[PDB]
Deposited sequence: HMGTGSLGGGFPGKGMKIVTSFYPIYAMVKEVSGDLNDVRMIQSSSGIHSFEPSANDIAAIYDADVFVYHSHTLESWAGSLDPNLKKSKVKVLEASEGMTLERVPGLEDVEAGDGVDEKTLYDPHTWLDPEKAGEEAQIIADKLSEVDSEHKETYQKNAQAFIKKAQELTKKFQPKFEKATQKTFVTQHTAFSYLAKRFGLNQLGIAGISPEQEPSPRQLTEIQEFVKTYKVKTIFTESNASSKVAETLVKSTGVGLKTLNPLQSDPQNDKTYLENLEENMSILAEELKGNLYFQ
């Protein structure tokens, strides 16, 4: 290897965690997934790049289902496909919890919990240390340093959330379910598990009733149009909250961007 293993990642959380666990060791790139990860269909060029790589890392078969149809053996490729969330426990989708198509029941937005981002980093560090065992002492040392700062960041917002008077927030899509359950909050998504799941009229009426009931002052959006109409019917305000679905394109690391989003959330819920 020149620079190292040529690793390709699914989207921004996986890219950031692989780049921080690997450190200055390997050449890590990610396919262009700015346009939605839930409604992302890869091109032939991206698939050819994945087959010409050493390691491909994706989050879960519940998010990037197109990574399951990948078959490296029949295409004479040596790429090692790694599921970064193998072994993790996925909670039920809000609104489908007592349901018993089976991929729809589990929420894949598990990288926004600071603690479950840390679990993903350990799994990547172990998996990359089965694939390139010689540099394993570094994959763990860097994985162990990220979990500590994620643990350092989770015991810091615990008290801020603990003293919040309002524990309910509404978001453009249902992505903050794990983060909300982490700090004892109650969230409601307008578009649900996927931004292409626009609400039904009855669901829209129930969302209006919910905003009026729990005195939700602001609606967190992403940088959808239906979310931009409830401001009239409810009188709420529009504040930004990035679910880190894509690259923020700045100098901060992953946990720093997560810290910024949590800080916005904590300053609003007071």
Q. Relative to the deposited sequence numbered from 1, which residue ranges are unmodelled?
A. 1-11, 112-116, 240-242, 290-295
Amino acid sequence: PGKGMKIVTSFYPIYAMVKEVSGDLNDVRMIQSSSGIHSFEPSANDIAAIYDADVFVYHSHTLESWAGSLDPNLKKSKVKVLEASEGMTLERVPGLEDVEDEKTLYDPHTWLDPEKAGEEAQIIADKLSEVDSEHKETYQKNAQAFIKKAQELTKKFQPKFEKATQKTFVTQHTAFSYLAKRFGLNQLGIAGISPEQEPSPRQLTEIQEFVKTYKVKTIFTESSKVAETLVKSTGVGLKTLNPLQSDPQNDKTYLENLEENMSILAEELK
From here on, numbers count along this sequence of modelled residues.
Q: With reference to the PDB entry, specify whether the mean Cα temperature factor is higher for 69-77 or for 191-199.
A: 69-77
Q: Determine, for stretches 36-44 and 227-235, which one has the higher mean CA B-factor as deposited.
A: 227-235
Q. Say you rank 132, 126, 119, 152 by Cα B-factor from the PDB entry; which sits at the top?
A. 152
Q) In this PDB entry, which of 107, 100, 113, 83 has the top CA B-factor? A) 100
Q. Relative to the other modelled residues in the chain, which third contains the C-alpha temperature factor of residue 163: lowest, middle or highest?
A. highest
Q | Entry-reported Cα temperature factor of residue 9, expressed as the chain third it lands in | A | lowest
Q) Based on the entry's values, in what third of the chain does the Cα temperature factor of residue 59 lie: lowest, middle or highest? A) lowest
Q: Give the position of residue 245 by CA B-factor within its chain, expressed as the lowest, middle or highest third.
A: highest
Q: Would you mind ranking residue 258 by its C-alpha B-factor against the rest of the chain and naming the third, lowest, middle or highest?
A: lowest
